[PDB]
Amino acid sequence: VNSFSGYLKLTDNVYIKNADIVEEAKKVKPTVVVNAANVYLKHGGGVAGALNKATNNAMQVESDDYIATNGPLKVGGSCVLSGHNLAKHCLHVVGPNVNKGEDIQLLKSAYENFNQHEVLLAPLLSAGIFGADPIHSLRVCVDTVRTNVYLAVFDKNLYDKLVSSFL
Ligand SMILES: NC(=O)c1c[nH]c2ncnc(N[C@H]3CCCC=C3Br)c12
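Residue numbers (UniProt numbering): 1025 to 1191.
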């Protein structure tokens, strides 16, 4: 039993809700919140800009030190950093950005990072400003993640479409 509330169950291990991941993280304080990161951990917009803003820029400060030490992530890769006031940990995951020409096949590799964590609150990777089809992202999520994932979809209109079209 966990504290996630109001989710629709899609499969044995995947759940979905129309919610703002920032407000959801603040309420649940999950062990792991997933950020829709880029390789530079520059949290400017989309989910990343919103999560970083909610940390009063502490996420960005921590991220800049991480990059200065380790260099950029790989597309499809991840790192675990602090969750600040939102969660115990933040799993920064880099899905391919279609608006940069990155290979959509890397979306499966990106979701594989979720399997290192028993339970996660997450957005749909590569959706929104990353330019991929969210219906496809949900399909890859369901077919790749085996741990318990609670997906937050900001747009109410998009949420209804993902549910109604789910196989
Ligand atoms: N500024 C923002 O993009 C968000 C702030 N919180 C969010 N929670 C969920 N998805 C978000 N964005 C996108 C990316 C994922 C696919 C649908 C949507 Br909608 C955001």
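For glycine and all other residues, C-beta sits at the position ideal for the given N, C-alpha and C.
Non-local C-beta neighbours of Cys1165 in its own chain, meaning closer than 6 angstroms and more than five positions away in sequence, comprise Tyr1135, ordered along the chain. A check of alpha carbon separations from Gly1107 across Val1173, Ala1151, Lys1053 and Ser1150 identifies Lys1053 as the nearest.
By the CB criterion at 8 angstroms, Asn1094 and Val1117 fall outside the cutoff.
Only residues of its own chain outside the window of five on either side were considered, and among them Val1118 have a CB closer than 6 angstroms to the CB of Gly1101, listed in chain order. For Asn1172, the enclosing beta strand (DSSP E) starts and ends at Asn1172 to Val1177. Beta bridge pairing from DSSP links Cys1103 with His1116. Under the DSSP assignment, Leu1145 falls in the beta strand (DSSP E) whose first and last residues are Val1143 to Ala1146. Take the alpha-carbon of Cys1103 and the one of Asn1059: they are about 10 angstroms apart.
In the assembly as shown, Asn1123 is an exposed residue. Its beta-carbon has fewer than 16 other beta-carbons within 10 Å.
Assigned with DSSP and collapsed to three states, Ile1040 falls in strand.
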